[PDB]
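A.B. asks: Okay, so here is input-v7.txt, and as you'll see once you scroll down, it has compact mmCIF, C-alpha atoms and all ligand atoms.
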```
# COMPACT_ATOMS: atom_id res chain seq x y z
CA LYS R 1 -32.84 17.20 41.09
CA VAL R 2 -33.24 16.39 44.77
CA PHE R 3 -31.19 13.28 45.44
CA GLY R 4 -32.13 10.61 47.90
CA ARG R 5 -29.48 10.06 50.56
CA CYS R 6 -28.46 6.59 49.32
CA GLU R 7 -28.86 7.58 45.67
CA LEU R 8 -26.28 10.31 46.23
CA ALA R 9 -24.00 8.02 48.21
CA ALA R 10 -24.02 5.55 45.32
CA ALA R 11 -23.27 8.28 42.79
CA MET R 12 -20.45 9.77 44.86
CA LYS R 13 -18.93 6.32 45.33
CA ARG R 14 -19.13 5.62 41.59
CA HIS R 15 -17.24 8.85 40.97
CA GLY R 16 -14.40 7.83 43.28
CA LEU R 17 -15.06 9.98 46.36
CA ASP R 18 -14.99 7.15 48.92
CA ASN R 19 -11.71 7.68 50.79
CA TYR R 20 -10.62 10.30 48.28
CA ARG R 21 -7.77 12.12 50.07
CA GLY R 22 -8.69 9.99 53.08
CA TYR R 23 -12.27 11.21 53.34
CA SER R 24 -14.77 8.38 53.77
CA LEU R 25 -18.04 8.47 51.82
CA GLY R 26 -20.09 9.57 54.83
CA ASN R 27 -18.13 12.82 54.98
CA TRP R 28 -19.17 13.69 51.43
CA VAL R 29 -22.79 12.75 51.98
CA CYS R 30 -22.88 14.73 55.24
CA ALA R 31 -21.33 17.74 53.49
CA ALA R 32 -23.89 17.58 50.67
CA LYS R 33 -26.76 17.31 53.13
CA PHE R 34 -25.84 20.47 54.99
CA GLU R 35 -24.56 22.36 51.96
CA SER R 36 -27.49 21.78 49.61
CA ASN R 37 -30.02 19.44 51.27
CA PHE R 38 -29.13 17.08 48.40
CA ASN R 39 -30.59 19.56 45.87
CA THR R 40 -28.49 19.98 42.69
CA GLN R 41 -30.18 23.33 41.99
CA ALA R 42 -29.23 24.95 45.30
CA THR R 43 -27.67 28.43 45.01
CA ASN R 44 -26.67 30.63 47.98
CA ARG R 45 -25.11 34.07 48.26
CA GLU R 46 -22.31 34.14 50.86
CA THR R 47 -21.15 36.89 53.23
CA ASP R 48 -18.44 37.99 50.78
CA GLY R 49 -20.87 38.46 47.88
CA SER R 50 -19.76 35.29 46.13
CA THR R 51 -22.32 32.57 45.38
CA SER R 52 -22.17 28.81 46.04
CA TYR R 53 -23.64 26.36 43.56
CA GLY R 54 -25.02 22.89 43.48
CA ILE R 55 -24.95 19.70 45.48
CA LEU R 56 -21.62 20.56 47.13
CA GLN R 57 -21.96 24.35 47.04
CA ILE R 58 -18.88 24.99 44.90
CA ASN R 59 -18.05 28.66 45.40
CA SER R 60 -17.49 31.36 42.79
CA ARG R 61 -14.65 33.17 44.59
CA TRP R 62 -12.09 30.56 43.55
CA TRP R 63 -13.63 27.67 41.73
CA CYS R 64 -16.19 28.51 39.04
CA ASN R 65 -17.18 31.49 36.93
CA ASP R 66 -20.50 33.24 37.45
CA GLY R 67 -19.54 36.59 35.94
CA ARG R 68 -20.52 38.52 39.07
CA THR R 69 -17.85 37.81 41.71
CA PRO R 70 -15.21 40.54 41.55
CA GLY R 71 -11.57 39.52 41.79
CA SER R 72 -12.52 35.87 41.66
CA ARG R 73 -10.88 32.95 39.94
CA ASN R 74 -12.30 29.97 38.03
CA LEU R 75 -9.89 27.23 39.01
CA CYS R 76 -12.21 24.40 37.92
CA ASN R 77 -12.58 26.00 34.50
CA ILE R 78 -16.36 25.80 34.49
CA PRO R 79 -19.39 28.10 34.50
CA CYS R 80 -21.00 27.87 37.93
CA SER R 81 -24.37 27.17 36.28
CA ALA R 82 -22.98 23.90 34.93
CA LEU R 83 -22.75 22.70 38.57
CA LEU R 84 -26.55 22.66 38.94
CA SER R 85 -27.00 19.69 36.61
CA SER R 86 -28.80 16.50 37.66
CA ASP R 87 -25.47 14.87 36.69
CA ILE R 88 -22.99 15.42 39.55
CA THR R 89 -19.86 14.80 37.45
CA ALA R 90 -18.73 18.42 37.19
CA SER R 91 -19.24 19.07 40.90
CA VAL R 92 -17.38 15.92 41.90
CA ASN R 93 -14.43 16.72 39.67
CA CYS R 94 -14.22 20.23 41.08
CA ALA R 95 -14.56 18.89 44.64
CA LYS R 96 -11.59 16.60 44.02
CA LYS R 97 -9.48 19.63 43.13
CA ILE R 98 -10.71 21.61 46.15
CA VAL R 99 -10.09 18.85 48.68
CA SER R 100 -6.56 18.41 47.30
CA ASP R 101 -5.80 22.17 47.64
CA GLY R 102 -4.20 21.87 51.08
CA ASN R 103 -6.86 22.23 53.77
CA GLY R 104 -8.86 19.14 52.92
CA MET R 105 -12.58 19.29 53.56
CA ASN R 106 -12.26 22.34 55.81
CA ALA R 107 -12.82 24.28 52.60
CA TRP R 108 -16.50 23.46 53.11
CA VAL R 109 -17.54 25.58 56.08
CA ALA R 110 -20.64 23.43 56.67
CA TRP R 111 -18.49 20.31 56.73
CA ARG R 112 -16.14 21.86 59.30
CA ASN R 113 -19.01 23.08 61.46
CA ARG R 114 -21.46 20.18 61.17
CA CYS R 115 -19.72 17.02 59.98
CA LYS R 116 -16.10 17.13 61.14
CA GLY R 117 -15.62 14.93 64.18
CA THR R 118 -19.13 13.48 64.05
CA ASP R 119 -20.35 9.95 63.35
CA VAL R 120 -20.46 10.54 59.60
CA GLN R 121 -20.88 6.83 58.85
CA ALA R 122 -24.53 7.31 59.85
CA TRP R 123 -24.99 9.12 56.55
CA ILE R 124 -24.52 5.93 54.55
CA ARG R 125 -26.33 3.57 56.90
CA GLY R 126 -29.02 1.56 55.14
CA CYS R 127 -27.46 2.11 51.72
CA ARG R 128 -26.61 -0.67 49.29
CA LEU R 129 -23.11 0.34 48.27
CL CL D 201 -31.59 12.63 54.80
CL CL D 202 -18.26 6.91 56.21
CL CL D 203 -16.64 36.94 38.14
CL CL D 204 -18.20 30.74 32.16
CL CL D 205 -6.86 16.15 55.01
```
Go through the file and emit its structure as structure tokens.
C.D. replies:
Amino acid sequence: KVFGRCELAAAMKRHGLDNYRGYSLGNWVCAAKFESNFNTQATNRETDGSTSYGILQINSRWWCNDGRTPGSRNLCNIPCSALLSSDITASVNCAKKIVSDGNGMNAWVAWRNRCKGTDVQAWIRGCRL
């Protein structure tokens, strides 16, 4: 599923991400835009041979199991393929664990490089929320 910007904002808000660990909704929408282009089916191999999955590009090195990332963990207790669903529940729940892990949203490289410090509120402008 390719989410609309506001559609995703509304879903993320419903799931409790707005100001979760102090991160306003626009941060999460911005992260999803640059991680997956709002596409739940997005998969990308990373430099370390791990793979990132879904709307928020949850990564197989620590967070989900894909059966092909050596030495990895599965801290969200989920197959990575289950993070490609049109239903964002599993990704959101895993994201809540990640963002509570100590380094906040810096865990998402694309957030650090493209969203952090920017006018992220622009990402929810126009949305009925
Ligand atoms: Cl957009
Ligand atoms: Cl915001
Ligand atoms: Cl593995
Ligand atoms: Cl599995
Ligand atoms: Cl933080």
A.B. asks: For ligand CL 204 (chain D), return the neighbouring residues as a JSON list (two decimals) with C-alpha atoms, in the frame of the given file (distance at most 12 Å; all atoms listed in the file).
C.D. replies:
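The resulting file, result38.json, is shown below:
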```json
[["chain", "number", "residue", "atom", "x", "y", "z"],
["R", 60, "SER", "CA", -17.49, 31.36, 42.79],
["R", 63, "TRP", "CA", -13.63, 27.67, 41.73],
["R", 64, "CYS", "CA", -16.19, 28.51, 39.04],
["R", 65, "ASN", "CA", -17.18, 31.49, 36.93],
["R", 66, "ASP", "CA", -20.50, 33.24, 37.45],
["R", 67, "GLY", "CA", -19.54, 36.59, 35.94],
["R", 68, "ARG", "CA", -20.52, 38.52, 39.07],
["R", 69, "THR", "CA", -17.85, 37.81, 41.71],
["R", 73, "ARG", "CA", -10.88, 32.95, 39.94],
["R", 74, "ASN", "CA", -12.30, 29.97, 38.03],
["R", 75, "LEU", "CA", -9.89, 27.23, 39.01],
["R", 76, "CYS", "CA", -12.21, 24.40, 37.92],
["R", 77, "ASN", "CA", -12.58, 26.00, 34.50],
["R", 78, "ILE", "CA", -16.36, 25.80, 34.49],
["R", 79, "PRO", "CA", -19.39, 28.10, 34.50],
["R", 80, "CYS", "CA", -21.00, 27.87, 37.93],
["R", 81, "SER", "CA", -24.37, 27.17, 36.28],
["R", 82, "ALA", "CA", -22.98, 23.90, 34.93],
["R", 83, "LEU", "CA", -22.75, 22.70, 38.57]]
```
A.B. asks: Pick out the residues no farther than 9 Å from ligand CL 205 (chain D), counting all atoms listed in the file, and list them as a ChimeraX atom specification.
C.D. replies: /R:21-23,99-100,102-106
A.B. asks: Restricting the calculation to all atoms listed in the file, which member of R:12, R:120, R:58, R:6 is positioned closest to residue 98 (chain R)?
C.D. replies: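 Looking only at the distances to residue 98 (chain R), the closest residue turns out to be R:58.
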A.B. asks: Per residue of chain R within 10 Å of ligand CL 202 (chain D), note the shortest atom pair and the distance in Å to one decimal, counting all atoms listed in the file, and order the rows by chain and increasing residue number, as JSON lines.
C.D. replies:
```
{"residue": "R:9", "atom": "CA", "partner": "D:CL202", "partner_atom": "CL", "distance": 9.9}
{"residue": "R:18", "atom": "CA", "partner": "D:CL202", "partner_atom": "CL", "distance": 8.0}
{"residue": "R:19", "atom": "CA", "partner": "D:CL202", "partner_atom": "CL", "distance": 8.5}
{"residue": "R:23", "atom": "CA", "partner": "D:CL202", "partner_atom": "CL", "distance": 7.9}
{"residue": "R:24", "atom": "CA", "partner": "D:CL202", "partner_atom": "CL", "distance": 4.5}
{"residue": "R:25", "atom": "CA", "partner": "D:CL202", "partner_atom": "CL", "distance": 4.7}
{"residue": "R:26", "atom": "CA", "partner": "D:CL202", "partner_atom": "CL", "distance": 3.5}
{"residue": "R:27", "atom": "CA", "partner": "D:CL202", "partner_atom": "CL", "distance": 6.0}
{"residue": "R:28", "atom": "CA", "partner": "D:CL202", "partner_atom": "CL", "distance": 8.3}
{"residue": "R:29", "atom": "CA", "partner": "D:CL202", "partner_atom": "CL", "distance": 8.5}
{"residue": "R:30", "atom": "CA", "partner": "D:CL202", "partner_atom": "CL", "distance": 9.1}
{"residue": "R:119", "atom": "CA", "partner": "D:CL202", "partner_atom": "CL", "distance": 8.0}
{"residue": "R:120", "atom": "CA", "partner": "D:CL202", "partner_atom": "CL", "distance": 5.4}
{"residue": "R:121", "atom": "CA", "partner": "D:CL202", "partner_atom": "CL", "distance": 3.7}
{"residue": "R:122", "atom": "CA", "partner": "D:CL202", "partner_atom": "CL", "distance": 7.3}
{"residue": "R:123", "atom": "CA", "partner": "D:CL202", "partner_atom": "CL", "distance": 7.1}
{"residue": "R:124", "atom": "CA", "partner": "D:CL202", "partner_atom": "CL", "distance": 6.6}
{"residue": "R:125", "atom": "CA", "partner": "D:CL202", "partner_atom": "CL", "distance": 8.8}
```
A.B. asks: Pick out the residues no farther than 8 Å from ligand CL 201 (chain D), counting all atoms listed in the file, and list them as a CSV table (one decimal) with C-alpha atoms, in the coordinates of the input.
C.D. replies:
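Here's the written file out33.csv:
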```
chain,number,residue,atom,x,y,z
R,4,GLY,CA,-32.1,10.6,47.9
R,5,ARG,CA,-29.5,10.1,50.6
R,33,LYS,CA,-26.8,17.3,53.1
R,37,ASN,CA,-30.0,19.4,51.3
R,123,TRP,CA,-25.0,9.1,56.6
```
A.B. asks: Between CA of residue 129 (chain R) and CA of residue 10 (chain R), what is the distance in Å, rounded to a tenth?
C.D. replies: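 Taking CA of residue 129 (chain R) and CA of residue 10 (chain R), their separation equals 6.1 Å.
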